[PDB]
Every structure is written in structure tokens, then in C-alpha cells.
Amino acid sequence: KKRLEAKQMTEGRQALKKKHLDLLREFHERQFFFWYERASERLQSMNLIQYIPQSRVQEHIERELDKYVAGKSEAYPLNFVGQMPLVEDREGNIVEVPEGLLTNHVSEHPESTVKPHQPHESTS
Amino acid sequence: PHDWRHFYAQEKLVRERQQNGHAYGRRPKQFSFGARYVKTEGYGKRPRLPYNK
Amino acid sequence: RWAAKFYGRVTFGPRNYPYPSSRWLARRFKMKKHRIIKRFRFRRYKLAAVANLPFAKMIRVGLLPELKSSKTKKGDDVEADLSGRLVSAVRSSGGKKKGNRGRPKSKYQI
Amino acid sequence: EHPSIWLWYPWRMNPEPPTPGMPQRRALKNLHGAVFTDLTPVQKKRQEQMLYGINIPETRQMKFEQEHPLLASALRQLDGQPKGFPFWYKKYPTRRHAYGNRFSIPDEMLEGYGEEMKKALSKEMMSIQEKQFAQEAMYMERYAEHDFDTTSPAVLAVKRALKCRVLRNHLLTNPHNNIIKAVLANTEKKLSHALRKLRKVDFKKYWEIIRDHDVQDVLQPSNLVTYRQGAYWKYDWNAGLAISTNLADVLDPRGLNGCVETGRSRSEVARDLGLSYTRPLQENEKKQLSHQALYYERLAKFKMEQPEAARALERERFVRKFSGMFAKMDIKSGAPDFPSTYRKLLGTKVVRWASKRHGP
Amino acid sequence: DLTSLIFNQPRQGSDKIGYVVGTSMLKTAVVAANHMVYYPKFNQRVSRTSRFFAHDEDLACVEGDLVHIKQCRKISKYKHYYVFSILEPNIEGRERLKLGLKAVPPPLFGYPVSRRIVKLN
Amino acid sequence: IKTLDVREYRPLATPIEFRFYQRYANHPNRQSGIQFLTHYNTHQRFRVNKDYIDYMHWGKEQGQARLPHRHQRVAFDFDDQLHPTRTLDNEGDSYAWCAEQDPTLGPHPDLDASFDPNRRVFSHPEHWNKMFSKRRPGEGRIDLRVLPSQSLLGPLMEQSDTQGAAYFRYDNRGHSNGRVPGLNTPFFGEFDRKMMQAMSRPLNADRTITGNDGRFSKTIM
Amino acid sequence: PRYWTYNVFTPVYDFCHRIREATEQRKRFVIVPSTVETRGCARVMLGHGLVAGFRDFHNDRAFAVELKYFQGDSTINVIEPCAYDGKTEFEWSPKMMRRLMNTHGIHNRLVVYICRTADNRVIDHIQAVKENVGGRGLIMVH
Amino acid sequence: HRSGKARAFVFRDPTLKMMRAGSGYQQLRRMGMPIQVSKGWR
Amino acid sequence: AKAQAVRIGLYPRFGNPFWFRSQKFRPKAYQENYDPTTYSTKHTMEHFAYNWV
Amino acid sequence: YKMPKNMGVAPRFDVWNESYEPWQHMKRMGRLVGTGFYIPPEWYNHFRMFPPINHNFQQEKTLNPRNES
Amino acid sequence: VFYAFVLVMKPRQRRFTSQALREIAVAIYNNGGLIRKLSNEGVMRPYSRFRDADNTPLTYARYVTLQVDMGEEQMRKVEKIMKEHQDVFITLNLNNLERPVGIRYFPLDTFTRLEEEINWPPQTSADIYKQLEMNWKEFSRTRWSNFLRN
Amino acid sequence: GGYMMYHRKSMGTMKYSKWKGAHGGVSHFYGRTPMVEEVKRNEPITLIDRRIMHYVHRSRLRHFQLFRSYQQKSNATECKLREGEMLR
RNA sequence: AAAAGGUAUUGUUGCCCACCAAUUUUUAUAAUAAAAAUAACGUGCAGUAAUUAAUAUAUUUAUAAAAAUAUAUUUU
RNA sequence: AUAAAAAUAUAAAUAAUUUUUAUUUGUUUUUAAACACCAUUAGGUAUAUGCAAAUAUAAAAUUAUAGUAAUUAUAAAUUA
């Protein structure tokens, strides 16, 4: 008799373990749903990351090493550390220097043609 | 710092537990000034924990 | 290690003596250990054990007539091939070699 | 040129190195203590099959088809196009099954996005932890019963088998990381403790495992001291696998048992029903038995054409049955082990035997 | 012990269950089964190991088959037993033989020694 | 050693610890003592490989840095309130499910949105083991595995144009006990901030009655 | 435990020393391990008044024992396991258990001893010797 | 005395001391456990 | 962050280049306002005096 | 070896109270006066009828400070 | 991102800096890699005079920032081309970008992002707040409408 | 031989002592200069330094710079004393 | 004016310590073996926070108690 | 008898089952690169590839290689 009662209760417990296996599957699918929503989202925003293939890097290198080309009808932007770098001209000539650095640079390179790099005034 | 014998036992016991429960109180051997940058190829330049040796 | 770290129950105080061993007993047993270490270092104690011996039954190299320090005593009987190995190695430990892992080189080694 | 000798000086802490100071790199022994200077070719192929990036096999595709044909038909019409509903979720029943790319990014999600994004999240940029875990999930996928069980014997054995391989490849590259020695050692103890239920629940997977992960050294018993009295065997007992057999479906359970009334053995009821329970016998067990099968042909070819030699050895044995030690049968005479039945008489009187005991 | 829990016996030791370990003697098995060593003072037990001799006419058992072993009239100097059944045949092993390999790989190391055996290469 | 006392030594203050060693511990890393009333897999609190106790900082809230934190205790005093029940995530309805109750009820003191008894409190030896350095103010293996980050890094980047999981209805399984009368379904009746009905003994074979006797009183529920 | 050298504890040991430490700390509720004879001991202690109550929340692992106090001191004056070990089961002869309730000629049901009989019941020595069966020794308490 | 025998912080219960002695040789005897191998007594 | 800025040479290998600019964020406390939770007791005694003054 | 100046006569900081708890004097005077060879103090004649409250255990034993004993 | 690489460089000629980056990026793409943000900065006056093989302490350096997606062991490959190049002074190498410290679990949220937003730069203020709010609103307006093109 | 500048014989002074590098404007201490303070017009440097020294004294920074620079203590004793100070 | 230790037990003119002589008694007899007891003479003054703080581990050193050194640790 | 000098990385590896040789606990290659230390003016050494269990306590009184005497260790009292 105890045989039958334990046989029973354990068939039920096995069934409930299966039922949990199934509710668990369902919960994992819901997971993947809410993970689609979240992840498709961050993957559009990754479509915007303008990647530079090998065919276009030889242009973007010039375009970025040309960020402060000593003359520009705009004001120039900052750095990753955000100073105004000494706005060079071409092939390696520091030809426009801000005022936090002209005093020190000309004192140590007495014979460089230095220039006080005037940012693009807002007035005009 | 020796009424906190049991506060140094704790952070000795932990570093042991990381050292596989063996090198309780063992510390990392003093290497050098230039240890990580002159020693040659094949011998651990940055002093490992104790229980590596 | 084959060495005995404590030559004596240095730690003996009443249980819960919140330390490994009182400085008294530590000094007593460091005197026993200074006697043991000077006995060894001054009779120029040398032991040895080589592979494929029963490594527990040590070799007494300082008890060899080629490295004997005593004169009226007889050190030990050792096979000739093993003797020529050992005592050559004892001579070999008489200097440390530049171009290898160095070693602590003592006078009492020779 | 001779056993290496260390010159211990007692006044010091511990010896000097040997003068034949043979090794330089400490040699990395197994879980129970045997060398490998590298892993087997199986495992080096399993390193190139881990660092090239495993692709999800097409078995999942085809099971998804012949399993959910409606989600496949939806995909069948939707192939290539930027999808706004996940018609592959039932194909990837869990985060981990999406090991074919990065971040559990299922293949059929990246269509519309940039080819550069598809390159970013492909098998080419998976971290090394990513790639190890990828192989892990793929294998725990094809050895598990249902895709949520990670505690099956086969599941666990394969997972820890890959695990111990990456560990050994770590070590045989970097030697003095001995916390990792005690990583590999305990992990292998558990992989053995799982494979030694696998080869008791279904050995087929067990040998596919054996011959794909080439690890038999972690089952190979170490110390005869144990496996003389059968303790390396007691483990599949202790776990509860003494009866996980199904002889009713491999080895015909009829003759594997004696009787109670008779007392006769397994092979004797197999005699009285005509069945052949016997292992494959090695060539030695074969030749000893063929030789024991021809002794009566030898007797018939001996006594019949050289009954002189038959008679000659008659004389030899007939004198010997009277010479020698004993001639009647007492318990003192035929206690079936004299030397150990009589201990008080072996060093002094009976110098025939040099020891008091030779058997169990 | 296990034996008296499973089998009624006429006289002690008659019936013994074990991991058959060692059969290399042709037609002969070594069955390794335990008894009971009770410590009255402590109020506790420890059952103990013993490599037996056990005849098996016809060479079936392989190292590991959990077998039942019964006693008889003696069979040799040392075997007073015979393989009275199998309780589980090591099916892995039987197939290992069929394929040809050793039904059980042999222990990696020997008995404990006192000499530093220097195995190189 | 010289095997006999050279000293007429007679020190007279015998520490209770040296005598009754079965009760106090003077080894370091044994001061944690015998704590049977933890949860750990041991009674010897100094053998629990789990939660090495920071000794200088803890104890502001639990007595001493030995005893377990008041969010992990397995044995509760009388006038000391036992654990609060972790409500559902949103915690808007933990006061709406006393809408049956007196209209003005406040938040229940035995309710909590974020009561986690596996919350590891910060230890200085566990997470900031300064052992292997000069202890110079900058060194230390600071392990950021325990504390919930304070950075704007998270709440900035893990912001989504979609909604939250509480809206997405992500979560299966609801509450672990299924249908609890304070968090899932409405609480009818009175609150029991003691355990006067929980520690009640069945006086009936069908358990239709339960009992709770003091010494001179008897409560029949 | 881990080795040979350790005694093998048991739920009956740990429940007794949970309760001992809580009555030594003047707690109220203890969360005490839950095995059949742990709550066995608890139901008879509660019948014997050593405990203000207990509760089985059917928590597969734990259940809670609410302790009773008197004049500042715990009612469970002492509580010991029959065995500081698990590997040593102490079957009590019915005569052993009858020579506890016999203090030098005065019948003394004071110290209550919990023993688990052969019938898989957990009873005090008083009902164990009122039916002349002896059981595994579980705890002594008073 | 880091090297002394252990002493009970308190006397053990004599009732427990009795109850642990229902399974020792001097009760195995009068149960009947031994098999008398010799003449035993005269 | 400091020992990476110092690695790439974008913080002085020694020093504090942003000290006075940084002073605006660092909380000037022992000048006029009395943060009662200070551990300087010279400050508290200035204030006890000044108000006793 | 420098120990705390007044340490020698320090009180046992956990069991220094327990001598004084009112329940101890209730338990200890109850028997002194039950003997019948003692004339109970006038406070016993009262705090016998009004024994102290039960669960006011000291923090030194209930190692729990947040406990409103 | 997989990796950030801040390459401080000697302000050589625009034939030489360009050619350094031509060989560097070509090394990445010969090493199965990607590049996201090859930012540049004009020269600046660091806190350490860096010395090449000429032992000269050069106090002015042109800057390169290069974020990349590579293989994590091709990382080791390309970096020892980089450091050994005669022109870089030092490359800050960040592995921590996938998993910064303030996080922890969703792994894309940082991998998508760039360095300029894992590391808030010094220039920024309390204005990029409303600026990123408008950027998100007016990207997420059409982030789905645009993907659903093909 | 080659000493760190916090060692006693940092800038040796004798016939054979040599100090490396230039010492004007950009000195060897370009990135190793802790505390510069621009003099205001006419302000007393007997005030600039009589403040610098008090700050670097209360911050027990001169404590440490003197301490660790003279005798390279045992890490044990350095820990012993530093822990002793945190504790006191 | 305010905080400090003892191997001594009226207590630094206090104790101990080692090598250094005979003795004894057992013995696993490495310059001269090892250990147990003891109460000469002599080098000193090595420990009692003790005259460059002590204690454990180790390299080296040596008329002896020990020291330089390298580690930890406070029985500083 | 030159002395100026050596900072960066997180997740992350599941627990329970017989590794009792296996592994393992601070001596490391090289100044033609130095500090340090030792010896001394005339050098060596200048710091985790072999080798090497070992504090973190499973306990039965000190010593003593497990035969020697009858014990020894210890903490708060007292000390300008």
C-alpha cells in the first residue's frame, strides 16, 4: 500500500518537474523577447557607427589629420582631452599656437616663426 | 596594530583562501626595482602570489 | 623539509596563550638550536641522499675517509662508484658558478 | 650519468640542486600524476576547432524545420529581409544556444544592419572566454537530454572535459600558476566522477566522449594499492549505479544467476540451458585453453604408440607416490596449504618454504 | 552487515557480494567483499576489505561485475568460493574486450616505495 | 633545554581565557567563536570559508563584527522586529492591497522593496585585501563585485527607448509562493506583526483549530 | 564534515545546539533544521513544555522553534545530543531507559529523553518504557 | 599546556554516560554475542 | 585613471596640475562656515571663542 | 609587557550585571525565605506579587543592540 | 568597443604620420580587424617628454585616437607592431570598454557605444544632457522606420 | 652608484659627482614637479613657502617623504608603523 | 603637576646566560660524539622594553653567551 | 670614487561526491644596466623555471632522536 502511495506521489512530482521544465522554457522565450527589443534597439544605434573600411581609411586619415589646417572659416573643435591644439598647417608645421602655449613655446624655440592662434571670434 | 591581530588574520585568511587554503600569512616575495622589466624571458617577472612559486 | 624547523616544543604555554610561543621558551630553544647548528657547522656536518637509494636512510658524506675531519674515528663504508660521485660533488659545491643559478657559498663547505 | 645527487647540509634549510640537475621546466603531471609535455592530437585539433570559431551545426536548422514548420515557413518567406519579430526564438531555446556569433546574437537578426556590424558580432571577434564558452554550449547542446538540463552525467562530463582541456592548454603554456594546478586537478576529479556514471548509464556516449576528447588518463586508475582490493571500482557503487544496467536488454538475464535449491553457479545454469556467458578471452586465455583441450588427445597418442614412455613415467611416478614426504591422508598431511596452516614449523624444521604465507 | 542484510546464511561468510577485481588467473576470479568489524568501546563499526579467490568456470566475469559469490567445497589451495551469479556485468568492459582493449586500464603507479626513482623521458 | 626552572617565577593573574579554553579563543581568526545560530555550513564561525569579517568597520548595526548582520539573522529576539517581506517590484500596490484595510494605513514596516538576505555587506578584507602592499593609501585589490555601482555610467547607458521589464511583462513566475495575500492579492483581516498565529499548535486532527498558550493565558484561533 | 578525524554531525546535533545557543542568547524564534526526527524532538519537547511552540512551514529545510523563558533563565536548562557523533547510534535498552526515571527510589520523569523507536516514531523515554520498546538515542533535555 | 590532555569544561551527564554503554563488550556478553571458542571457564 | 593618464603622459608623473581650479570643487570648510561634523577641533575652538568673544 | 593600567580589577563586562538582575534576587530570595529561617525584606513582600517583567534581557546576553530590551 | 588605442605620436611630416596610420590600419585589416573612430588631435604639450630611439625628450606630440573592433589575440599581434613602430610614443590600450566598471546583465549597451561616451570627456558640461536627450528622441523616432527599409 | 633623488646621496657633490640632464625651464623635473605656485606681484615668497610647508606638513606628506626616503625599512615595519598611525 | 616595562618577588649591589674543569648516568658514539644532573676557575656580560628592541625562519660569520643580513611578528 | 631612474584591465571559471607518490607554501638566468648588502683600499653578491610538504592546528603533562631529572610555561599587584 505504501508502495502505491509513494508511486503516486512521485509520478506527480515527476509531472511537476516537467511542467516546470515547460514554464521555464516559456520564461526563456519571454526573456528572448525582451532581449530582442532591448538588443535590436542597441543594434540600430550601432548601424550609425560609421566604420572606416580599408578602401576609405586612406581618405579618412587625411580628413582627420586635417582637422586644424591653420586656416578655416569656422572655429576649431577641442581634443579628447579638450585643449585647443596648436593648429598646424601642412606636412608638420605648428603655425598657429594659442596663448596658453605661445609664451612657453617661443621661449624654448627662439627662432620658430610662431603665431598666436586666434580662435574664430563669435562677433562676426 | 596588534589589538587588530584578528583584523590581520582576516585579510590573511582571505589571501590564503585565494592561495588555495595553504599559504596563510605567506606574502609575495620582494622582487626588485627592475623586476618586471629586466628579467629574462621565461621567468615570472611580476611577483606571483605566494602559492604559485 | 628534511630539516626539523622546531628543535623543540617552542609552543608550550597554557592553551590560549595568544601567541605561538613565549619569548622565554623561544630563547631556550634557540639556544638548543644554536648548539645544534654549531655542532653541525663545526664538525663540518655533511649529509647526502641520491636517487634510487632508500632516501630515508641518509648518506653521511662527512663520514667518508676522503672528507673525514676526525682522525681516530672511522666514518662510514660506501660503495666506490657512489663515493666518487658524492665526494666529487662535495668538491663541486666548493664554488658557485657564474653563468648558472648562484648559491650560498660558505667556508665550512670545503 | 648516474642517479642525481643533492648535497644536503644539515645546518642549512634544504639541499642544493643536483649536479646532473636534469630538468629546467617543471613537468606537468595529470590529475593522478602522470606527465604530458603536450596534449594529444585530438586535443590540439580541438584547439584549432575552438580558436577558429565553432559554427552552429545545421542539425539545429533541420530540426527547427521538421519541428516547427510554421516558424520556418514564416522565415522561408521572410528570408533576407529586416525582421521586426523574432521568428527564430524557438530555434534558440536559451541565451546560450546562440553561440554562433557574439552576445547571443542569433544569425537571423543582423540582416538589415550593416555588413560591418555583422562583421563585428560574428565569430571573428569573439573573445577567448567567448569562444571557450561557445564550444561549451554547443557540446552541452548535443549531449544533453532536454536543452535545459545541464546536470546530466553526459552534460557534465563533456562540459568538464572541454574545461580540463582548456586548463591543460593554459598550463602547458604557463607553468607556475599552481592555484590553476589545483583547478585542473579537482576539476578532473569531478570529470572522472561524472564519466564514471556515464559509462554506467550509457557507455555509447561515453566512448564517443573518450575518442573525441581523448581523455582516458583521468579514468585510468592511479595506485594499485587501491585497485587491488577494488576501491577504484567501488565508486560507481557509492554513487548508486550498481544496478543501472538493463541486462534484460543487453545480457540475457536468464543464466546470469545461480539457483537457490541447487546452489549451482552462473555458468552451470548456463550449462543446463545452453548459453554462452564468457568475455572475449585474450590470446593467452585462448592458448592456455586450447592446451587444456588437447591433454586427452596427448594421453591417447602417448600411451598408444610409446607405451614404453607411458611405462617409463609409470616407474617415475610410481616410485614417487611412495617416496617423498607423506603417504597417508591426515589433516596434518592434506591441509590444503601446509606452510601457513603450520606456522610453528617453517624457519627451523621445514626449510622448504622461505615464508609463512603466499596466498589470501 | 550488507551480507546478512541481503542473504540469510547457514554459516557466516557463506555469501559475499563484491566488485570482482582480478580474474587474470585463467578461470579464476578475485572477489573483494566486506565483513563487519564492530568497536564496542566507541559504539561504531567499520566494515573491511578482502581480496578473495573465487572460481568461475567458463571465464565470464570481468573486473568490476558486481557479483554474488558463494562458498562450497574448496577448489584449490585458496579458492573456497565460486561465482554464484552476476548482479551487474560491466557492459562497458565486455565491449572493451570485444573491441580488443584492456577491459580495465592498469594502475598508473605501483606500490609505495622508498627510493626516489628518477624517470626522465 | 636545561630541563629545570632557573626562575623563582610566580605570576599571579591567570586569564580566564587560559583556564577555560573550552569557551574563549585567543588565536586570531578564532575570535569569531562558536556561532551555531548562523546559517553557514559550520558552527565554528572561524571555519566558514565564506564571509570573512571586517573587524574595524562593521558592528555599527549588529552589535559586534562577529554576529551576522541584521539582514541575515536566523534567530530573532523578542522586541526586535524580524525580517521584512520583499514586496513586488513596483511597490505601488503594497499600499493598494490594504485598500480593504482602514483607509489611511501607512506603509507597512514589515514590507520592503529591496530586502535581499544574500546581500553581501562590504568587508575590507574580502573586497579590499590590503595585505600584499605597503598599505599606502592608494594600493589594494579593491573588488567591485559587491557594491551596487553609484556611477551615472549605468543609468545613462542602460536607458532604453523601449520601456522597462515591468511593462514588457517579461517576468513569469510572479511571486515564488504563488498567491500571497499582501503582495499579489488583497490582504483581508488584520496584520500580525508578532507571530501569535504563526506559532500555533493544531488542537484538531483536521487542524480547524489552532492553539497558542502562554503560561497563564490560552489563545484559541 | 570532511575527513576521518571529524565527528559526523547531524540535524539532531545542530538542532540541539541551535536551541542551546539561542536559549543562551535569549532569542525568541530559532530557524532550526528540519528532519523527521528534528521536528520529532520538537513536538515532544513542546509536549513537555520546554518550548513555547514550534512550527513546520513545510519549508523543505527549516522550521521555527519559539522558545519559552522563565525568571530570566531559559526553560531548557540543558539540552544535549545523545551523540556528539552521527556514526555512533546509541540504541537504548528499555532497561537503560527505565533506570533514568528511577532516581534512587523516587520516580522521576524530570529530565526528558527523546528516542526514536523501531516503528519510525519519535517519542520520549516515558512513552517508550510505558510500551517497553527502546529506540535510537536522539537527545536528552531538561 | 598547548600539549596537555583535554579536560571537560563541565562534567558530562552521568545519565548520558550510562546511555552510551548499552553496546559495549560487557553487554554484548550477556546478550549472547560471543561464540565460545575454548573450554571457556573450568 | 591617474596611472593611465600618467602612462600616456596626460597627468604629471608627479604633482597636481589642476589644484587651484580644483579648489572650487574641494569644499573650503575651515574658514567661515562651521560644518559641525568636522574633525578639526581647532576650528571648533575658534568658534567657541569667537561666539564667547 | 604593558597591560591596561587598571586592568587587574576590571569588571567582567558581560557577567558583571547578572549578579544584579532583579530576577536573580527573586530566585535567590524566594528560597532563602522559603526555608522559613529568614524574614523577607519588605521589597520581597511586594515584588513577589509583582514579579519583574519577563523579557527584559540585557544586551550583554542578547547580543543584539537594535533590540529595545 | 572592443579596444581603444590612444596613439601619442611624434609630430613628423604628414607623409610620415599618414604613413604610420596607413601601415597601422592596414595591419588591422590584415589582422581581421575593424576601426570605428580614427579621431585625430593636433599637437599638444604633454606632462612627460617622450623619448624615441634618438633619446630626445619631445615635449610636443600630435595625437591620434583609434577605436577598433578586432580579434582579442590579434590584439596582441597588432599592438607589438604598433609599440615597435618608430613613431608612436605610447598607446593607451583599453580592454575595459566592453565592460566598464560602473556597470554590473546586458552586454551590447557598452559594445555599441564609442569611447567618447564610455569616457565622458573633459570638455563636456551640463548641456550634453539635453543634447543626448534630443539625439535619442530624434534618432529613435526613425530607428525602426529606417531599418524596415530593405 | 645610481641613486634616486630621494636617496641621501641624491645630488652628490664632489669631484666625481655628476648630475644628468639640463636644468633650465624644462628641467629633468618637467613631469616630476609637485607644487608650483605662481608668485603674485611682490607677494612674499617667505609666505608662499611658509604656507606650502605647512600644508605638506599637516598632510603628513613630508613625514612620508623623509621617512621612506632614508632607510628602506622592512615592509613589515613600514606596515607596522603605518598601520600603527592609522590606528592611533 | 597628568601615559607607561621586569626573568625581581624588600626586588638591579636582584637574577640568568652561555662556552670554559673535574664528576656522574644512560646510551642511535660526525673536529672533540648526544642527552640528564652539578656547587670549580676563567673570558665576558649575552636575556629581564637592559645599553645598535626583543621573538620565530633562513643566508653568512665566529673564543661563548651571539652578530651582520633577508623576511615576517610585537610574547616592545 | 660619474649617478637619473621601473605605476594601468574588469566579468570570469558553479556544490556535493576515494587525486592519499599526484601538486604545493618567499634561495633563481643575465650590470656588458643600478640601488642595496657583505667584505674592505685590488671584489663578490645585486632577489620566486629544477631544488625545497610544512604553522594555522584532531589534541592524552615538561625534558630528552620515544630510556637520563621530577616537572615546566604563564599576563594583568607591587618598580619616580
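Per the PDB record, this model was obtained through cryo-EM at a reported resolution of 3.5 Å.

Identification of chain I as bS18m from Trypanosoma cruzi is taken from the PDB entry. What the PDB entry is called, per its title line, is "mt-SSU from Trypanosoma cruzi in complex with mt-IF-3".

As recorded in the PDB entry, chain A goes by mS26 and comes from Trypanosoma cruzi.

Regarding its fold elements, chain A presents three helices and zero strands. Counting helices and strands in the order they occur from the N terminus, chain A gives α-α-α. In terms of overall size, chain A is more extended than a compact globule, its C-alpha atoms giving a radius of gyration of 33 Å where 124 residues would be expected to give roughly 14 Å. Along the first, second and third principal axes, the C-alpha set of chain A runs to 110 × 35 × 35 Å. The burial tally for chain A puts 31% of its 124 residues in the buried class. At a minimum sequence separation of 6, the contacts of chain A that also span at least 24 residues come to 17%. Looking at chain A as shown, the accessible area adds up to about 7,700 Å², and 54% of this sits on carbon and sulfur atoms.

Residue-level contacts link seven residues of chain C with five residues of chain E. Carbon and sulfur atoms make up 51% of the area that chain C and chain E hide from each other, which totals about 520 Å². Considering only the surface of chain C that becomes buried against chain E, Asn 52, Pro 54 and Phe 55 of chain C emerge as the three largest contributors, covering 67% of it. In this structure, the connection of chain C to chain E is made through zero salt bridges. A per-class count over the side of chain C that touches chain E returns six nonpolar, one polar and no charged.

With four of its five residues buried, strand β1 (residues 29-33) of chain G lies for the most part within the structure. Sheet topology places strand β1 (residues 75-76) of chain F next to β1 of chain G; two bridges connect them, and they run antiparallel. In the sheet register, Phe 76 of chain F faces β1 of chain G, and the bridge partner there is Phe 29 of chain G.

On to the nonpolar core. Burial of nonpolar side chains together is a common tendency in soluble globular proteins. One finds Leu 43 of chain A together with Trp 88, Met 109, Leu 121, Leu 195 and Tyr 206 of chain D to be the most contacted residues of the largest nonpolar core, which totals 105 residues. Considering each element in turn, this core owes the most residues, nine residues, to helix α6 (residues 153-171) of chain D. When sequence neighbours within four positions are dropped, the list of residues in contact with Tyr 206 of chain D reads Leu 195, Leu 198, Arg 199, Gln 216 and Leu 219 of chain D together with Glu 92 of chain E.

Residues in close proximity to RNA strand M total 58 residues, the closest being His 34, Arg 35, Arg 39 and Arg 41 of chain C together with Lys 80 of chain L. Counted by atom, the contact set of RNA strand M within 4 Å of the protein is 75% sugar and phosphate. Within the backbone of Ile 1 of chain F, an N or O atom sits 3.2 Å from a phosphate oxygen of RNA strand M. One of the side-chain nitrogen or oxygen atoms of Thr 3 of chain F is found 3.1 Å away from a phosphate oxygen of RNA strand M. Put simply, the parts of the chain that give the surface near RNA strand M at least two residues each are α1 (5-18) of chain B, α1 (23-42) of chain C together with α3 (75-87) of chain L. A breakdown of the residues in the surface near RNA strand M according to their chemical character gives 20 nonpolar, 11 polar and 27 charged.

The interface is formed by 56 residues belonging to chain D together with 52 residues belonging to chain E. Among the salt bridges present, the one from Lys 204 of chain D reaches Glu 95 of chain E, with a minimum N-O distance of 3.9 Å. In this structure, the connection of chain D to chain E is made through 23 residue pairs in polar contact. Listed by contribution, the elements that provide at least two residues to the side of chain D that touches chain E are α7 (178-201), α8 (203-213), α9 (224-227), α10 (234-238), α11 (266-271) and α12 (283-293) of chain D.

Moving on: a positive patch on the surface. Where like charges cluster on the molecular surface, the positive patch consists of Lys 29, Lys 39 and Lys 53 of chain B, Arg 26, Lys 29 and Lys 181 of chain D together with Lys 119 of chain E. Note on placement: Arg 26 of chain D falls in the loop between β1 (5-6) and α1 (41-51).

One can find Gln 13 of chain K in the loop between β1 (3-9) and α1 (14-30). Residue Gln 13 of chain K is classed as partly exposed on the basis of its relative accessible area of 30%. With sequence-adjacent residues up to four places away left out, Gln 13 of chain K is seen in contact with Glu 91 and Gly 92 of chain A.

Moving on, we get to the protein's contact with RNA strand N. The immediate surroundings of RNA strand N are formed by 126 residues, with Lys 29, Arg 48 and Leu 49 of chain B, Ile 1 of chain F together with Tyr 16 of chain L found nearest. Counting only atoms of RNA strand N within 4 Å of the protein, the sugar-phosphate share comes to 55%. Within the backbone of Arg 27 of chain B, an N or O atom sits 2.9 Å from a base oxygen of RNA strand N. Between a phosphate oxygen of RNA strand N and a side-chain N or O atom of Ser 222 of chain D, the distance comes to 3.3 Å. Where the surface near RNA strand N is concerned, the elements lending two or more residues are α2 (35-38) of chain B, α1 of chain C, α6, α7 and α10 of chain D together with α1 (2-5) of chain I. Each residue belonging to the surface near RNA strand N can be placed in one class, and the counts come to 44 nonpolar, 40 polar and 42 charged.

Now for the sheet that holds strand β3 (residues 62-66) of chain G. In spatial order, the strands read β1(F)-β1(G)-β3(G)-β2(G); together these four strands make up an open sheet with antiparallel pairing. A single partner strand is all that each edge strand has here, and the edge strands are β1 of chain F together with β2 (53-55) of chain G. On top of the sheet, helix α1 (residues 11-25) of chain G reaches β1 and β3 of chain G; it is set at about 165° to β1 of chain G, its chief contact. Contacts from helix α2 (residues 36-47) of chain G reach β1, β2 and β3 of chain G within the one sheet, and its direction differs from that of β2 of chain G by about 150°.

Now for the packing of aromatic side chains. In this structure the tally under the stated criterion is 54 aromatic pairs over all chains. Centre to centre, the rings of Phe 27 of chain A and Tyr 170 of chain F are 5.9 Å apart; their planes meet at 15°, and the pair counts as stacked. Here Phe 27 of chain A, found in helix α1 (residues 2-47), pairs with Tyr 170 of chain F, found in the loop between α4 (165-168) and β6 (201-202), and the two come from separate chains. Classification of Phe 27 of chain A by relative accessible area gives partly exposed; the value is 25%.

Residues and elements named next belong to chain D. At a closest axis distance of 11 Å, the pairing of α1 and α6 adopts a crossing angle of 95°. As far as their axial angle goes, α6 and α1 are roughly perpendicular. Across from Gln 43, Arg 46, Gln 47 and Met 50 in α1, the residues of α6 making contact are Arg 165, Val 166, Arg 168 and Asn 169. Along the lines of polarity and charge, the residues of the contact of α1 with α6 split into two nonpolar, three polar and three charged.

Where 27 pairs of chains are in contact, the pair with the most contacts is made of chains D and E. A gap remains between chain G and chain I, with no contact made and the closest C-alpha atoms lying 36 Å from each other. Kept free of each other, chain A and chain J leave a smallest C-alpha distance of 41 Å between them.

Moving on, we come to the sheet that holds strand β9 (residues 112-116) of chain G. Residue and element names in this part refer to chain G. Strand order in the open sheet made by the four strands is β6-β11-β9-β10, with antiparallel pairing throughout. Edge positions in the sheet fall to β6 (79-81) and β10 (122-124), since each of these pairs with one other strand and no more. On average, each strand axis in the sheet is tilted by 20° relative to the strand beside it, whichever way the strands run. Note: β9 against β10, three bridges, orientation antiparallel.

Residues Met 45, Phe 48, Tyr 50, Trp 52 and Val 53 of chain I make up a contiguous nonpolar surface patch of about 720 Å² in total accessible area. By secondary structure assignment, the location of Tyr 50 of chain I is in helix α3 (residues 41-52).

Turning next to unusual backbone geometry. Across residues other than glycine, the phi torsion is negative in most instances, and most of the peptide bonds are trans. You will see that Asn 52 of chain C, though not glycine, has its phi angle at about 55°, which is positive. By secondary structure assignment, the location of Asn 52 of chain C is in the loop between β1 (49-50) and α2 (80-92). In this structure, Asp 58 of chain E takes a positive phi of about 90° despite not being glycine. Position of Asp 58 of chain E relative to the elements: it lies in the loop between β6 (54-55) and β7 (66-71).

Along the chain, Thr 28 of chain E turns up in strand β2 (residues 28-29). Those residues in contact with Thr 28 of chain E, other than ones at most four positions away along the chain, are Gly 22, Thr 23, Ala 54, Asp 56 and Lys 79 of chain E.

What counts and how
- Residues numbered from 1 in each chain as written, not as in the entry; some residues may be left out.
- Chains lettered and ligands numbered in written order.
- Part of a larger assembly, values for the part shown.
- Heavy atoms only, no water.
- Helix = DSSP H or I, 4+ residues; strand = E, 2+ residues; numbered from the N terminus.
- Rg over C-alpha atoms; globule rule 2.2 N^0.38 Å.
- Buried < 20%, exposed > 50% of the residue type's maximum accessible area, 1.4 Å probe, protein only.
- Contact = heavy atoms within 4.5 Å.
- Areas by Shrake-Rupley, 256 points an atom, 1.4 Å probe, with all protein chains shown as cover.
- Buried area = accessible area lost by both parts, 1.4 Å probe.
- Salt bridge = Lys/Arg side-chain N within 4 Å of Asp/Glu carboxyl O.
- Nonpolar A, V, L, I, M, F, W, Y, C, P; charged D, E, K, R; others polar.
- Pairing = 2+ DSSP bridges.
- Core = buried A, V, L, I, M, F, W, Y, C linked by side-chain atoms within 4.5 Å.
- Near = heavy atom within 4 Å.
- Polar contact = N/O pair within 3.5 Å; in protein donor to acceptor, adjacent residues only side chain to side chain.
- Patch = residues over 30% accessible without salt bridge, like charges linked within 9 Å, V, L, I, M, F, W, Y side chains within 5 Å.
- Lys, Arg positive; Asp, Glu negative; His and termini not counted.
- Charge placed at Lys NZ, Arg CZ, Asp CG, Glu CD.
- Axes fitted to C-alpha atoms, helices over the stretch in contact; angles between N-to-C directions.
- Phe/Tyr/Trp six-rings, centres within 6.5 Å; stacked < 30°, edge-to-face > 60°.
- Parallel < 35°, antiparallel > 145°, perpendicular 65-115°, else oblique.

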